[PDB]
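All remarks here apply to the structure that follows.
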Amino acid sequence: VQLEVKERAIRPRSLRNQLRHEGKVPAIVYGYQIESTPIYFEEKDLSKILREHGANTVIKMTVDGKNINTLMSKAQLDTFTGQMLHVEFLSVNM
Amino acid sequence: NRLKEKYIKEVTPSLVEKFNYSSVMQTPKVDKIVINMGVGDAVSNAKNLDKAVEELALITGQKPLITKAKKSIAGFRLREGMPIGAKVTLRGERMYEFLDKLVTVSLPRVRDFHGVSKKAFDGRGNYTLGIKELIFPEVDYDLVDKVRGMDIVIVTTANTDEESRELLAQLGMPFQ
Amino acid sequence: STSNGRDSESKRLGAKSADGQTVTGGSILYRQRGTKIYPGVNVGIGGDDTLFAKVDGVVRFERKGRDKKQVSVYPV
Amino acid sequence: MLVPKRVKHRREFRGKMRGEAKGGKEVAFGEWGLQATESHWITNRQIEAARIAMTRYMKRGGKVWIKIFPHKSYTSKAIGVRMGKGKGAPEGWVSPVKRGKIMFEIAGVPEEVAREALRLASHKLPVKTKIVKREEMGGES
Amino acid sequence: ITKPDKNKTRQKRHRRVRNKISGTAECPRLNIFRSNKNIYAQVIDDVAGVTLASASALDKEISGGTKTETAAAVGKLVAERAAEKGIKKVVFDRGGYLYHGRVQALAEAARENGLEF
Amino acid sequence: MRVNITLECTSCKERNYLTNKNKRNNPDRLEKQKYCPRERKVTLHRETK
RNA sequence: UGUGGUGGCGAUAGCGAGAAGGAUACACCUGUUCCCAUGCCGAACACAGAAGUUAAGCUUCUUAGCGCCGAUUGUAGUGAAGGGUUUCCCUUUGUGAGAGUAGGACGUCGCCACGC
RNA sequence: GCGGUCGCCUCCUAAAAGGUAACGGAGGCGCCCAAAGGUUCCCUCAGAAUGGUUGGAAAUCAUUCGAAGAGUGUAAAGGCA
RNA sequence: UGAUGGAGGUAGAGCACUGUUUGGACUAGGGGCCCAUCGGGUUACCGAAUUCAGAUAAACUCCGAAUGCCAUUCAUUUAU
Ligand SMILES: [Zn+2]
C-alpha cells in the first residue's frame, strides 16, 4: 500500500560508487501498463516483507492511483557484503 | 499372377472393411525384397565368392552386386574395398512369383515343421526371415557343396504390426 | 636444454582498404587464408584467397543474411 | 604427499594466473556454508584438512558438500639451479578462489555442531570466512 | 517408406545451376517446366522479376499429344512472341533436368526461330 | 623414385617442356599433345631419351 | 478470389501438433515397344498414358509446446582524472555489455498465366 | 666450458588493424599424385534405436531420428554439406 | 577535435562445442557376490544412452565491450 516509491535519472553515472557507501538500494521495474522506470529503495523496507509476508508474496507499487502488482525475479549481490543490489521487480497483473 | 488378382479381387476390400479407409489409395502394398549373403570366409578365399553369385543368379533372375567394406577394422580383419556380400533387389512381377514359390515350394521343404517365425515385428511393416540352407527346386546336391543360406527383407507401406500381418497373411506366410 | 622456440613469420593479413575509398583497378582489398568473406559485385578470388577491385570505384561491405559478409565495388 | 584430488591433464603446464573479483554464487545444496572473503590459491592438502575437521565433529555421517576443486598446476625448480632454461617439474594441484565462492555446505544437523564444524574448517584454510544459510531465498520450490 | 517428392530435387538442381549466372538485364533467361501433362516457359529479367514473353503448352493452341510434338510448338511460339520485342541472346535454364527429350526440342526450336545460343 | 624430366617436340626437335614423373608407377615414356612455340601448332610431345 | 510457375527481404518466413479440398492445375497413379537407364533393379533417370483418388505431397486455416527476434533497466568491465597499500582496492567524470525479461512473432512485398 | 640450438611452416604467449622478445609453451618440414589435375553430369555423411543364417558389442542388410557429432594425401589454425 | 562507415574476437559474461568436474533421479543392463544346480535377479558404480541442479579455462566458444586503428572532394582550428 505504501513503499519507497521514487524515480531516478537515465544514466546516473559513477556516483553509484557513493550509493554503495551511504546505504541506498537502486531498483528496477518493468511491466504492462507502465513500460519501464528505475525506482529507489532502502534495505529496511523489503526484507521485513521477506520475513513477515514471505519471500514470494504480492507487492503493490502505488502511484497514489491504480495498482502495480510486481514480484521479485532476481537479487544476487556481490559477496562479503550483506546488502542489496540488482533488485529486478517484475509485474504480472490481477 | 495369382497375387495381383488376389489384390484386385479379394485381398483389398476386406482390409478396407477392417479399417474403413476413406480412399482406396490407403491400401498398403508390397515393394521390395532385399537378399543378402554375408560371407566372411571369402576374405580367406576368393573362391568362396565364385559360387554364391551363381546360386543367387539361379534363385533370382539377376546377378547380385559385390558389396563394399565401409570400414577398416583388423579386429574383424577387414580393410576398405573388401568384397563381402551380395545384394538382390526385386521389383515387379518376379516379386509375386518368388513369393508364390516361397508359398508353394520353400516352406514345405523345411525340416521340423513348426510354423513361420513371427517375431520379426519392428512396428513398421518390415518382416525379415533368416534361411539356413536345399530348400529350392533349382538346386542340386552335386552342385551346392556349402552350408550357405539366404536372406529375405520384405518392406511394405503399412504402419502397424497388424496391417502388415494381414498383408502377409491373406497372401500366405503360415506363422506359428 | 629446451625443445621449443621455433617460429613461423608474420604473413600480414587483414583488410588493406576502408569503406568509401577511391579504388583503382585490380588492387587488393582483404587478404585471407580461408574463406572468411565472400566477394560480390566486380570482385574476384585469387589463388591465395585474396580479393580484387576490377571496376574503379568505392568499396562497401555488406551481409549475406546472417552468416557471412561481402565486399563490392560501385563505380561513379 | 598423496594428492586427494588429481585430474587428467590435457597439458603439463599452465600460466600463473591473475585473480581479481567475483560475487554471487549462493548456498544451493545444503543449509550452512562458509564464504571466502579474500583471494588466494588453495592447494590440495588444505581440502583434506577441511574434510577431516568437518567430519570429526560430525556424528553418524550427516551431510558434507565440497564445492571447490583443484584444477591447475604449479612448477618449481631445484635448489641451486640458476635462472635460465625451461620450466620446472609439475608438482601439486592448486585452484584459486576469489571473493566469495562458498567453500563447503552442511545440512541435516542443528546449528551448534554446524558452527563448530565451520570454525574447525575455517582455521585450516588461509582465507577469512563467514557463516551463511539459505538466508534470503525467494527460490525454494 | 518415404518417397521424396520430385520438385524438391528439381529445385535443388535449379539452385545449384542458377548460382553461376542469371545475368538477365539484356540477355534474359529461358525457363522449362515439366508436369505430367504440360510444359511452361518464361523469359525473365532481374531483379524486376518480370516475364517479358511466355507461352503455355496446351492452354492457348495445341498440336497433338503432350509430347515432343508439343515441345516443338512451344519452342515456335516462345520465340515468335519474343523477337517481336527484340530479344537476341537468351540463356537457358536446364531446370533440374537432362537431355533425352521434351527439352531439347524446345532448345532446337528456340534456335531456328531467331534466338541465338 | 621421382626424377626431373624434359619433353621433346617430335618434329622440330627442341627441348620445350619440363615436368615430373614417378618412374615406378610409369616406367614408359609419356605422350601428351602439348603446344610448340617454334611452330605455333599442337604437337605430340614425348620424353627425351 | 483461387491455382500454378517464378523473385528479392536476417527463421518475426522455421519446427511440432490439429482440421478441410480436387473447378482448372500439380502430384500419386497404368505401363515400357519407342529416345534413354540400371556398377543388379522402369525405385530414380527417360519415354508413352488417362483407369482411380484427396490417401500422402501441395494449398488454406488454428495453436506460442519447441526454435527465433527481443525495449527499458540495473550489475560486471573501461577511456580520462585522482587517492591510499602497490599482491590489490577505493572515488569523480564519460561510456556500457552477457545472463534475466516484460513484449513481438504461425510472414511481407514483385511479375506472368489460367479460370473465377 | 659440457649439454642444446642455427633455414622453413601452423597455434598460443600478442594487450581484439598490422608489427612485437626470452636456453617462454606446443606439433611438423627438405615430399607425394599421371590422376589425388581440367571440364561436364550425378550424389550426401558419423553415429543411435529396432528385427536379421552361420554372426561375435561391433562385416553384409532394412527402416526411422539426425546440421555435421564425418571427411578433406600429409602438422596446426582458418574454411568447405 | 566533431560527425559518418566498416575491419576485429581482447576486458567482462565465458552454459551452445571441445577439455576438467560436484550431488540427485531414471534403467537398458553390465550386477563380480545372488536366491541358485525354475522364475524372482538382492546389494553396489547405478558408467556409457540419458535427465536434473552446480562449477569452471593462455592454445574452449552460443555471445561480446570501452579505447585505438583505416577512410571521407565533410565541418572548425592550427602549421606542417
Ligand atoms: Zn615443333
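Just so we're on the same page: first chain in the C-alpha cells is A, next is B, and so on; residues restart at 1 for each chain, and ligands are numbered from 1 in the order they show up.
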
> Hey, what's within 9 Å of residue 67 of chain D if we count only C-alpha atoms (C1' of nucleotides) and toss same-chain stuff fewer than 3 positions away? As a PyMOL selection string, please?
Replying inline: (chain D and resi 101-105) or (chain I and resi 22+54-55)

>> Residues near residue 36 of chain F, anyone? I mean within 9 Å using only C-alpha atoms (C1' of nucleotides), not counting same-chain ones fewer than 3 positions away, as a list in words.
In response: residues 9, 16, 39, 40, 41, 42, 43 and 45 of chain F

Residues of segment 40-65 of chain G at most 12 Å from segment 67-80 of chain E: nearest atom pair and distance in Å, only C-alpha atoms (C1' of nucleotides), as a Markdown table:
| residue | atom | partner | partner_atom | distance |
| --- | --- | --- | --- | --- |
| G:47 | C1' | E:67 | CA | 9.3 |
| G:48 | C1' | E:67 | CA | 8.9 |
| G:49 | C1' | E:67 | CA | 11.3 |

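DSSP, applied to the backbone of this structure, assigns helix (DSSP H, G or I) to the following residues of chain A: residues 16, 17, 18, 19, 20, 21, 47, 48, 49, 50, 51 and 52 of chain A.
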
Selection above as a file: C-alpha atoms, as a short mmCIF file (atom, residue, chain, number, x, y, z; two decimals), in the first residue's frame:
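Once written, selection_33.cif looks like this:
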data_model
loop_
_atom_site.label_atom_id
_atom_site.label_comp_id
_atom_site.auth_asym_id
_atom_site.auth_seq_id
_atom_site.Cartn_x
_atom_site.Cartn_y
_atom_site.Cartn_z
CA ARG A 16 26.73 4.97 -7.75
CA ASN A 17 30.06 4.30 -6.03
CA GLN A 18 28.76 6.65 -3.32
CA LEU A 19 25.42 4.82 -3.46
CA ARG A 20 27.38 1.74 -2.38
CA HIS A 21 28.64 3.56 0.74
CA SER A 47 13.43 -7.75 4.00
CA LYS A 48 10.74 -7.05 6.60
CA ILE A 49 8.24 -8.16 3.95
CA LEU A 50 10.51 -11.15 3.22
CA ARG A 51 10.31 -12.24 6.87
CA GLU A 52 6.74 -11.20 7.67
#

Write out as a PDB file with N, CA, C and O atoms (P, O5', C5', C4', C3', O3' and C1' of nucleotides), in the first residue's frame which residues come within 12 Å of residue 66 of chain G when counting only C-alpha atoms (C1' of nucleotides), dropping same-chain ones fewer than 4 positions away.
ATOM      1  P     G G  14       7.117 -20.247 -41.977  1.00  0.00           P
ATOM      2  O5'   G G  14       8.289 -21.167 -41.429  1.00  0.00           O
ATOM      3  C5'   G G  14       9.304 -21.652 -42.292  1.00  0.00           C
ATOM      4  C4'   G G  14      10.378 -22.341 -41.499  1.00  0.00           C
ATOM      5  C3'   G G  14       9.924 -23.581 -40.752  1.00  0.00           C
ATOM      6  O3'   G G  14       9.893 -24.736 -41.566  1.00  0.00           O
ATOM      7  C1'   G G  14      11.086 -22.185 -39.268  1.00  0.00           C
ATOM      8  P     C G  15       8.652 -25.749 -41.470  1.00  0.00           P
ATOM      9  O5'   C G  15       8.901 -26.516 -40.106  1.00  0.00           O
ATOM     10  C5'   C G  15      10.103 -27.230 -39.908  1.00  0.00           C
ATOM     11  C4'   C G  15      10.246 -27.671 -38.481  1.00  0.00           C
ATOM     12  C3'   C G  15       9.146 -28.568 -37.958  1.00  0.00           C
ATOM     13  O3'   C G  15       9.313 -29.912 -38.365  1.00  0.00           O
ATOM     14  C1'   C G  15       9.699 -26.923 -36.338  1.00  0.00           C
ATOM     15  P     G G  16       8.041 -30.824 -38.717  1.00  0.00           P
ATOM     16  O5'   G G  16       7.266 -30.969 -37.332  1.00  0.00           O
ATOM     17  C5'   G G  16       7.808 -31.730 -36.261  1.00  0.00           C
ATOM     18  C4'   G G  16       7.076 -31.466 -34.970  1.00  0.00           C
ATOM     19  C3'   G G  16       5.592 -31.766 -34.986  1.00  0.00           C
ATOM     20  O3'   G G  16       5.331 -33.140 -34.785  1.00  0.00           O
ATOM     21  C1'   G G  16       5.977 -29.668 -33.949  1.00  0.00           C
ATOM     22  P     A G  17       4.212 -33.880 -35.660  1.00  0.00           P
ATOM     23  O5'   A G  17       2.844 -33.407 -34.997  1.00  0.00           O
ATOM     24  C5'   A G  17       2.577 -33.670 -33.630  1.00  0.00           C
ATOM     25  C4'   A G  17       1.459 -32.806 -33.108  1.00  0.00           C
ATOM     26  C3'   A G  17       0.193 -32.772 -33.939  1.00  0.00           C
ATOM     27  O3'   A G  17      -0.618 -33.919 -33.763  1.00  0.00           O
ATOM     28  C1'   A G  17       0.751 -30.583 -33.262  1.00  0.00           C
TER      29        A G  17
END

Contacts of residue 22 of chain F within 12 Å, only C-alpha atoms (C1' of nucleotides), excl. fewer than 3 positions in-chain, as a PDB file with C-alpha atoms (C1' of nucleotides), in the first residue's frame:
ATOM      1  CA  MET F   1      61.764 -42.699 -57.403  1.00  0.00           C
ATOM      2  CA  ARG F   2      60.872 -39.352 -58.978  1.00  0.00           C
ATOM      3  CA  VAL F   3      63.241 -37.750 -61.486  1.00  0.00           C
ATOM      4  CA  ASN F   4      63.153 -34.416 -63.295  1.00  0.00           C
ATOM      5  CA  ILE F   5      62.250 -34.896 -66.938  1.00  0.00           C
ATOM      6  CA  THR F  19      57.651 -31.798 -65.644  1.00  0.00           C
ATOM      7  CA  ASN F  25      54.344 -46.069 -61.477  1.00  0.00           C
ATOM      8  CA  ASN F  26      55.164 -45.081 -65.061  1.00  0.00           C
ATOM      9  CA  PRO F  27      58.293 -46.731 -66.495  1.00  0.00           C
ATOM     10  CA  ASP F  28      57.405 -45.769 -70.073  1.00  0.00           C
ATOM     11  CA  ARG F  29      57.868 -42.507 -71.992  1.00  0.00           C
ATOM     12  CA  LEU F  30      54.955 -40.089 -71.851  1.00  0.00           C
TER      13      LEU F  30
ATOM     14  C1'   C H  32      53.779 -37.070 -52.693  1.00  0.00           C
ATOM     15  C1'   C H  33      49.694 -37.799 -57.226  1.00  0.00           C
ATOM     16  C1'   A H  34      49.653 -39.251 -64.500  1.00  0.00           C
TER      17        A H  34
END

> Please, which residues of chain D lie no more than 12 Å from chain H when the count uses only C-alpha atoms (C1' of nucleotides), and can they be set out as a count of residues only?
Replying inline: 12

> Counting only C-alpha atoms, which residues of chain D come no farther than 9 Å from chain A, as number ranges by chain?
Replying inline: D: 22-26, 35-37, 99-101, 129-130, 136-139

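Counting from atom CA of residue 54 of chain D, the distance to atom CA of residue 117 of chain D is 5.1 Å.
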
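For segment 25-137 of chain D, backbone-based DSSP assignment of strand (DSSP E) covers residues 32, 33, 40, 41, 42, 64, 65, 66, 72, 73, 74, 75, 76, 89, 90, 91, 92, 93, 94, 95, 96, 97, 104, 105 and 106 of chain D.
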
How close does each residue of chain B get to chain H, giving the shortest atom pair and distance in Å to one decimal for every residue with an atom at most 10 Å away, counting only C-alpha atoms (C1' of nucleotides), sorted by chain and residue number, as JSON lines?
{"residue": "B:33", "atom": "CA", "partner": "H:62", "partner_atom": "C1'", "distance": 9.7}
{"residue": "B:34", "atom": "CA", "partner": "H:61", "partner_atom": "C1'", "distance": 7.7}
{"residue": "B:35", "atom": "CA", "partner": "H:61", "partner_atom": "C1'", "distance": 8.0}
{"residue": "B:36", "atom": "CA", "partner": "H:61", "partner_atom": "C1'", "distance": 6.5}
{"residue": "B:37", "atom": "CA", "partner": "H:60", "partner_atom": "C1'", "distance": 6.9}
{"residue": "B:38", "atom": "CA", "partner": "H:60", "partner_atom": "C1'", "distance": 4.7}
{"residue": "B:39", "atom": "CA", "partner": "H:60", "partner_atom": "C1'", "distance": 7.8}
{"residue": "B:40", "atom": "CA", "partner": "H:59", "partner_atom": "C1'", "distance": 6.8}
{"residue": "B:67", "atom": "CA", "partner": "H:60", "partner_atom": "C1'", "distance": 7.6}
{"residue": "B:68", "atom": "CA", "partner": "H:60", "partner_atom": "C1'", "distance": 8.8}
{"residue": "B:69", "atom": "CA", "partner": "H:59", "partner_atom": "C1'", "distance": 7.5}
{"residue": "B:70", "atom": "CA", "partner": "H:59", "partner_atom": "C1'", "distance": 9.0}
{"residue": "B:71", "atom": "CA", "partner": "H:59", "partner_atom": "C1'", "distance": 8.6}
{"residue": "B:73", "atom": "CA", "partner": "H:59", "partner_atom": "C1'", "distance": 9.2}
{"residue": "B:75", "atom": "CA", "partner": "H:58", "partner_atom": "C1'", "distance": 9.4}
{"residue": "B:76", "atom": "CA", "partner": "H:59", "partner_atom": "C1'", "distance": 7.1}
{"residue": "B:77", "atom": "CA", "partner": "H:59", "partner_atom": "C1'", "distance": 9.1}
{"residue": "B:78", "atom": "CA", "partner": "H:59", "partner_atom": "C1'", "distance": 7.8}
{"residue": "B:82", "atom": "CA", "partner": "H:59", "partner_atom": "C1'", "distance": 9.6}
{"residue": "B:83", "atom": "CA", "partner": "H:60", "partner_atom": "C1'", "distance": 9.7}
{"residue": "B:84", "atom": "CA", "partner": "H:60", "partner_atom": "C1'", "distance": 6.5}
{"residue": "B:85", "atom": "CA", "partner": "H:60", "partner_atom": "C1'", "distance": 5.3}
{"residue": "B:86", "atom": "CA", "partner": "H:60", "partner_atom": "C1'", "distance": 7.7}
{"residue": "B:87", "atom": "CA", "partner": "H:61", "partner_atom": "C1'", "distance": 8.4}
{"residue": "B:119", "atom": "CA", "partner": "H:51", "partner_atom": "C1'", "distance": 7.8}
{"residue": "B:120", "atom": "CA", "partner": "H:51", "partner_atom": "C1'", "distance": 5.1}
{"residue": "B:121", "atom": "CA", "partner": "H:51", "partner_atom": "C1'", "distance": 6.6}
{"residue": "B:122", "atom": "CA", "partner": "H:51", "partner_atom": "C1'", "distance": 5.8}
{"residue": "B:123", "atom": "CA", "partner": "H:50", "partner_atom": "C1'", "distance": 8.5}
{"residue": "B:124", "atom": "CA", "partner": "H:63", "partner_atom": "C1'", "distance": 7.5}
{"residue": "B:125", "atom": "CA", "partner": "H:63", "partner_atom": "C1'", "distance": 9.0}
{"residue": "B:126", "atom": "CA", "partner": "H:63", "partner_atom": "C1'", "distance": 7.4}
{"residue": "B:127", "atom": "CA", "partner": "H:51", "partner_atom": "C1'", "distance": 7.5}
{"residue": "B:128", "atom": "CA", "partner": "H:52", "partner_atom": "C1'", "distance": 6.0}
{"residue": "B:129", "atom": "CA", "partner": "H:52", "partner_atom": "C1'", "distance": 6.7}
{"residue": "B:130", "atom": "CA", "partner": "H:53", "partner_atom": "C1'", "distance": 5.3}
{"residue": "B:131", "atom": "CA", "partner": "H:53", "partner_atom": "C1'", "distance": 5.6}
{"residue": "B:132", "atom": "CA", "partner": "H:53", "partner_atom": "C1'", "distance": 4.6}
{"residue": "B:133", "atom": "CA", "partner": "H:53", "partner_atom": "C1'", "distance": 8.0}
{"residue": "B:147", "atom": "CA", "partner": "H:54", "partner_atom": "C1'", "distance": 8.0}
{"residue": "B:148", "atom": "CA", "partner": "H:54", "partner_atom": "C1'", "distance": 7.6}
{"residue": "B:149", "atom": "CA", "partner": "H:53", "partner_atom": "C1'", "distance": 5.8}
{"residue": "B:150", "atom": "CA", "partner": "H:53", "partner_atom": "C1'", "distance": 7.1}
{"residue": "B:151", "atom": "CA", "partner": "H:53", "partner_atom": "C1'", "distance": 7.9}
{"residue": "B:152", "atom": "CA", "partner": "H:52", "partner_atom": "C1'", "distance": 8.6}
{"residue": "B:153", "atom": "CA", "partner": "H:62", "partner_atom": "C1'", "distance": 6.4}
{"residue": "B:154", "atom": "CA", "partner": "H:62", "partner_atom": "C1'", "distance": 8.4}
{"residue": "B:155", "atom": "CA", "partner": "H:62", "partner_atom": "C1'", "distance": 7.6}

Can those selected residues be exported to a file as a short mmCIF file (atom, residue, chain, number, x, y, z; two decimals), in the first residue's frame so that it contains N, CA and C atoms?
data_model
loop_
_atom_site.label_atom_id
_atom_site.label_comp_id
_atom_site.auth_asym_id
_atom_site.auth_seq_id
_atom_site.Cartn_x
_atom_site.Cartn_y
_atom_site.Cartn_z
N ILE B 33 12.10 -56.86 -52.09
CA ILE B 33 12.77 -57.96 -51.41
C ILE B 33 14.26 -57.74 -51.55
N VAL B 34 14.94 -57.62 -50.42
CA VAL B 34 16.39 -57.49 -50.40
C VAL B 34 16.97 -58.82 -49.95
N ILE B 35 17.94 -59.32 -50.70
CA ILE B 35 18.54 -60.63 -50.45
C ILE B 35 20.03 -60.41 -50.22
N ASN B 36 20.54 -60.94 -49.10
CA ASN B 36 21.92 -60.70 -48.71
C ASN B 36 22.60 -62.00 -48.33
N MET B 37 23.88 -62.11 -48.68
CA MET B 37 24.70 -63.26 -48.31
C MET B 37 26.04 -62.76 -47.79
N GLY B 38 26.10 -62.47 -46.49
CA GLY B 38 27.38 -62.15 -45.88
C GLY B 38 28.21 -63.41 -45.73
N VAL B 39 29.50 -63.29 -46.04
CA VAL B 39 30.33 -64.48 -46.07
C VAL B 39 31.36 -64.46 -44.95
N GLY B 40 32.30 -63.52 -45.01
CA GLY B 40 33.37 -63.50 -44.03
C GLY B 40 34.53 -64.42 -44.36
N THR B 67 29.41 -56.36 -52.72
CA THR B 67 29.30 -55.23 -51.82
C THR B 67 30.66 -54.81 -51.29
N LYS B 68 30.76 -53.53 -50.93
CA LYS B 68 31.99 -52.92 -50.46
C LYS B 68 32.21 -53.25 -48.99
N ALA B 69 33.12 -52.51 -48.34
CA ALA B 69 33.54 -52.84 -46.99
C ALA B 69 33.11 -51.83 -45.93
N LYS B 70 33.08 -50.54 -46.25
CA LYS B 70 32.57 -49.43 -45.44
C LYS B 70 33.38 -49.14 -44.18
N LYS B 71 34.38 -49.96 -43.85
CA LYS B 71 35.12 -49.84 -42.60
C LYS B 71 36.55 -50.27 -42.85
N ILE B 73 38.83 -52.44 -40.17
CA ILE B 73 38.95 -52.99 -38.83
C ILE B 73 39.74 -54.29 -38.90
N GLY B 75 40.30 -56.06 -36.06
CA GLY B 75 39.65 -56.95 -35.12
C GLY B 75 38.62 -57.84 -35.78
N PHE B 76 38.07 -57.40 -36.91
CA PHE B 76 37.31 -58.24 -37.81
C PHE B 76 38.07 -58.55 -39.09
N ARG B 77 39.33 -58.10 -39.18
CA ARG B 77 40.29 -58.44 -40.23
C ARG B 77 39.83 -57.94 -41.60
N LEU B 78 39.42 -56.67 -41.65
CA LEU B 78 38.88 -56.09 -42.87
C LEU B 78 39.52 -54.74 -43.17
N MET B 82 36.77 -54.36 -49.46
CA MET B 82 36.76 -55.81 -49.38
C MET B 82 35.44 -56.35 -49.90
N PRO B 83 35.46 -57.25 -50.87
CA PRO B 83 34.23 -57.90 -51.32
C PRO B 83 33.68 -58.91 -50.33
N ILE B 84 32.55 -58.61 -49.70
CA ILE B 84 31.99 -59.44 -48.64
C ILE B 84 30.66 -60.08 -49.06
N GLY B 85 29.65 -59.26 -49.33
CA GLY B 85 28.31 -59.78 -49.56
C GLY B 85 27.74 -59.55 -50.95
N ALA B 86 26.42 -59.64 -51.08
CA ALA B 86 25.77 -59.58 -52.39
C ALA B 86 24.31 -59.21 -52.22
N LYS B 87 23.88 -58.08 -52.78
CA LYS B 87 22.50 -57.62 -52.70
C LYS B 87 21.69 -58.04 -53.91
N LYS B 119 8.39 -63.40 -34.84
CA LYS B 119 8.94 -62.23 -34.17
C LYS B 119 9.93 -61.43 -35.01
N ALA B 120 9.50 -60.94 -36.17
CA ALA B 120 10.28 -60.01 -36.98
C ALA B 120 9.64 -58.62 -36.96
N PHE B 121 9.10 -58.25 -35.80
CA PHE B 121 7.91 -57.41 -35.71
C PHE B 121 8.17 -55.99 -36.21
N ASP B 122 9.03 -55.24 -35.51
CA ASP B 122 9.59 -53.95 -35.92
C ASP B 122 8.60 -52.81 -36.10
N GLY B 123 7.31 -53.04 -35.87
CA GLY B 123 6.32 -51.99 -35.85
C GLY B 123 5.85 -51.44 -37.18
N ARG B 124 6.74 -51.42 -38.18
CA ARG B 124 6.56 -50.59 -39.37
C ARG B 124 6.57 -51.41 -40.65
N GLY B 125 6.05 -52.64 -40.59
CA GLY B 125 5.86 -53.45 -41.78
C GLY B 125 7.14 -53.96 -42.40
N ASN B 126 8.03 -54.51 -41.57
CA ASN B 126 9.36 -54.92 -42.01
C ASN B 126 9.66 -56.29 -41.42
N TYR B 127 9.22 -57.36 -42.08
CA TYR B 127 9.46 -58.70 -41.56
C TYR B 127 10.61 -59.33 -42.34
N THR B 128 11.63 -59.78 -41.62
CA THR B 128 12.76 -60.48 -42.20
C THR B 128 12.80 -61.90 -41.67
N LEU B 129 13.24 -62.83 -42.51
CA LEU B 129 13.32 -64.23 -42.14
C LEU B 129 14.68 -64.77 -42.54
N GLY B 130 15.43 -65.27 -41.57
CA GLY B 130 16.66 -65.97 -41.88
C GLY B 130 16.35 -67.33 -42.49
N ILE B 131 17.13 -67.69 -43.50
CA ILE B 131 17.04 -69.00 -44.12
C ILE B 131 18.41 -69.65 -44.02
N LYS B 132 18.44 -70.89 -43.54
CA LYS B 132 19.68 -71.55 -43.14
C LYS B 132 20.32 -72.35 -44.28
N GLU B 133 19.53 -73.08 -45.05
CA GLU B 133 20.05 -73.95 -46.09
C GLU B 133 19.72 -73.42 -47.47
N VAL B 147 27.20 -74.61 -46.84
CA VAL B 147 26.11 -74.55 -45.87
C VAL B 147 25.64 -73.10 -45.86
N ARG B 148 25.68 -72.46 -47.02
CA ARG B 148 25.17 -71.11 -47.15
C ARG B 148 23.65 -71.10 -47.07
N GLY B 149 23.10 -69.92 -46.80
CA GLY B 149 21.66 -69.76 -46.62
C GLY B 149 21.11 -68.71 -47.56
N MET B 150 20.16 -67.92 -47.05
CA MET B 150 19.51 -66.86 -47.81
C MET B 150 19.17 -65.72 -46.86
N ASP B 151 18.59 -64.66 -47.41
CA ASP B 151 18.02 -63.57 -46.64
C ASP B 151 16.81 -62.98 -47.35
N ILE B 152 15.80 -62.64 -46.57
CA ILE B 152 14.57 -62.01 -47.05
C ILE B 152 14.36 -60.74 -46.26
N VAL B 153 14.20 -59.61 -46.95
CA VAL B 153 13.80 -58.35 -46.34
C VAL B 153 12.64 -57.82 -47.18
N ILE B 154 11.41 -58.08 -46.75
CA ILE B 154 10.23 -57.56 -47.43
C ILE B 154 9.82 -56.28 -46.73
N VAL B 155 9.73 -55.19 -47.48
CA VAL B 155 9.39 -53.90 -46.93
C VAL B 155 8.08 -53.45 -47.55
#

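Residue neighbourhood of residue 15 of chain B, excluding near-sequence residues (fewer than 6 positions): residues 21, 27, 163, 166 and 167 of chain B, at 9 Å, using only C-alpha atoms (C1' of nucleotides).
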
If you keep N, CA, C and O atoms, can you produce a file of those selected residues as an mmCIF file, in the first residue's frame?
data_model
loop_
_atom_site.group_PDB
_atom_site.id
_atom_site.type_symbol
_atom_site.label_atom_id
_atom_site.label_comp_id
_atom_site.auth_asym_id
_atom_site.auth_seq_id
_atom_site.Cartn_x
_atom_site.Cartn_y
_atom_site.Cartn_z
ATOM 1 N N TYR B 21 -10.990 -47.146 -44.716
ATOM 2 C CA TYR B 21 -10.219 -46.124 -45.401
ATOM 3 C C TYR B 21 -11.155 -45.258 -46.230
ATOM 4 O O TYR B 21 -11.970 -45.774 -46.999
ATOM 5 N N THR B 27 -4.622 -48.313 -49.469
ATOM 6 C CA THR B 27 -4.359 -49.742 -49.418
ATOM 7 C C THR B 27 -2.860 -49.977 -49.290
ATOM 8 O O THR B 27 -2.100 -49.539 -50.160
ATOM 9 N N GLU B 163 -1.644 -54.544 -39.741
ATOM 10 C CA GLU B 163 -1.889 -54.440 -41.170
ATOM 11 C C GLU B 163 -0.809 -55.161 -41.959
ATOM 12 O O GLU B 163 -1.094 -55.766 -42.996
ATOM 13 N N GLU B 166 -1.661 -58.805 -41.755
ATOM 14 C CA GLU B 166 -2.768 -59.202 -42.605
ATOM 15 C C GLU B 166 -2.428 -59.085 -44.083
ATOM 16 O O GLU B 166 -3.027 -59.792 -44.901
ATOM 17 N N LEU B 167 -1.479 -58.218 -44.446
ATOM 18 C CA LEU B 167 -0.952 -58.252 -45.805
ATOM 19 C C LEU B 167 -0.207 -59.542 -46.066
ATOM 20 O O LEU B 167 -0.383 -60.167 -47.115
#

>> Residues within 9 Å of segment 2-17 of chain C, please, as JSON, numbers by chain. Count only C-alpha atoms (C1' of nucleotides); anything in the same chain fewer than 6 positions from it doesn't count.
In response: {"C": [23, 28, 29, 30, 31, 32, 33, 59], "D": [85, 86], "H": [4, 5, 8, 9, 10, 17, 18, 19, 23, 24, 25, 26], "I": [7, 70, 71]}

>> Taking only C-alpha atoms (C1' of nucleotides) into account and nothing else, which residues of chain G lie no more than 7 Å away from chain A? Please answer as a PyMOL selection string.
In response: chain G and resi 72-75+102
